[PDB]
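Just one chain is shown here, as structure tokens, and it is the form deposited in one PDB entry.
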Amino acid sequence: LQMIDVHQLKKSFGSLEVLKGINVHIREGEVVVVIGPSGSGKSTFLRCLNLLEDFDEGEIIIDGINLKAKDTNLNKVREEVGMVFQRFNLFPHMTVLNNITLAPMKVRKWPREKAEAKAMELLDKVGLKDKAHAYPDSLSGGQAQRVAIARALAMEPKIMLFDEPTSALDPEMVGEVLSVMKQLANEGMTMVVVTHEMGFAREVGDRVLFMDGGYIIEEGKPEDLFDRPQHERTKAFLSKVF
């Protein structure tokens, strides 16, 4: 069954309509990158996928879960979808390990021993097994975002959403975060990534979605869309390149 099934999605904020008819179908293991100019509705789209934002029209089904069914709720969605934001936030009151096991222990009711063992495995995956007992306030931006990825993964979601996770990071800390995302892509995680790092997009992305004014103008493999943009305003966007 499709991991992400979006049909005629429409979203409006007052008289402002951010999404005006989106259709997206992502299957398991796919790494989909979304690009476009500000105000395109990239972030709004993502937040609709995991109940952070509501929508006006169309339907969204995440791994079988219709987001508007009456028996759907935040915890049910959180069990399937994880999210990483541009601006990460950790609790310095508790250790990195405790920041990670918090959600799984509360929601999935896993015993602390079980949760901590899985958490240690995730810290090793993101390259910070030596920070398990450190507190988040001693971490640099690059480390904190990797811990946040680890935290998002602790819920063992089937889908990982990234909303420009490196745009707020210093250039020297971007690589380490992208590296973890790349590994996650290789492990087969279903991913939707909103980013400006075209390098990552071409070498790790399976498909690219170009968003412009609440619409999905062009779709295609990274190399095809970046090198030979079939549509009009696609060429224009790419041309203002960097």
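For clarity, a rigid core is taken as the largest C-alpha set superposing within 1.5 Å between two forms. In case it trips you up, residue 1 is the first one in the sequence shown, and so on.
Colleague: When the Cα temperature factors in the entry are averaged, is it 212 to 220 or 28 to 36 that ends up higher?
Modeller: According to the PDB entry, the answer is 212 to 220.
Colleague: Given the B-factors recorded for C-alpha atoms, which segment has the greater mean, 128 to 136 or 102 to 110?
Modeller: Per the PDB entry, the higher value belongs to 102 to 110.
Colleague: Sorting the chain's CA B-factors, does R87 end up in the lowest, middle or highest third?
Modeller: Tercile = highest for this residue's CA B-factor.
Colleague: Place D56 in the lowest, middle or highest third of its chain's C-alpha B-factors, as listed in the PDB entry.
Modeller: Ranked within chain, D56 CA B lands in the highest tercile.
Colleague: Once the chain's modelled residues are ordered by C-alpha B factor and cut into thirds, is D63 in the lowest, middle or highest one?
Modeller: Middle third by C-alpha B-factor.
Colleague: If you rank the chain by CA B-factor, which third does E203 end up in: lowest, middle or highest?
Modeller: According to the entry, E203 has a C-alpha B-factor in the chain's highest third.
Colleague: If you rank every modelled residue in this chain by C-alpha B factor, which third holds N73: lowest, middle or highest?
Modeller: Its C-alpha B-factor belongs to the highest third of this chain's values.
What comes next is about the form solved in complex with a small molecule, which does not appear here.
Colleague: Partner absent here, but in the entry with it bound, which of 185 to 193, 24 to 32, 41 to 49, 60 to 68 has residues with a heavy atom within 4.5 Å of the small molecule?
Modeller: Of the options given, it is 41 to 49.
Colleague: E164: heavy atom within 4.5 Å of the small molecule in the entry with it bound?
Modeller: Yes - in the entry with it bound, heavy atoms of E164 and the small molecule come within 4.5 Å of each other.
Colleague: Hey, in the entry with it bound, is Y135 touching the small molecule, heavy atoms inside 4.5 Å?
Modeller: Yes - in the entry with it bound, heavy atoms of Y135 and the small molecule come within 4.5 Å of each other.
Colleague: Checking a candidate spot here: are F13, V18 and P37 all in contact with the small molecule in the entry with it bound (at least one heavy atom each within 4.5 Å)?
Modeller: Heavy-atom distance to the small molecule in the entry with it bound: all three under 4.5 Å.
Colleague: Superpose on the rigid core, then tell me if the C-alpha of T72 is displaced by 2 angstroms or more between this form and the one not shown.
Modeller: Yes; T72 is a residue whose C-alpha shifts (by 2 Å or more) between this form and the one not shown when the cores are overlaid.
Colleague: With both forms fitted on the core, check whether the Cα of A168 differs by 2 Å or more between this form and the one not shown.
Modeller: No, because once the rigid core is superposed, the C-alpha of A168 moves less than 2 Å between this form and the one not shown.
Colleague: Just checking, between this form and the one not shown and with the core aligned, does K109 shift 2 Å or more at the CA?
Modeller: Comparing forms between this form and the one not shown, the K109 CA shifts below 2 Å.
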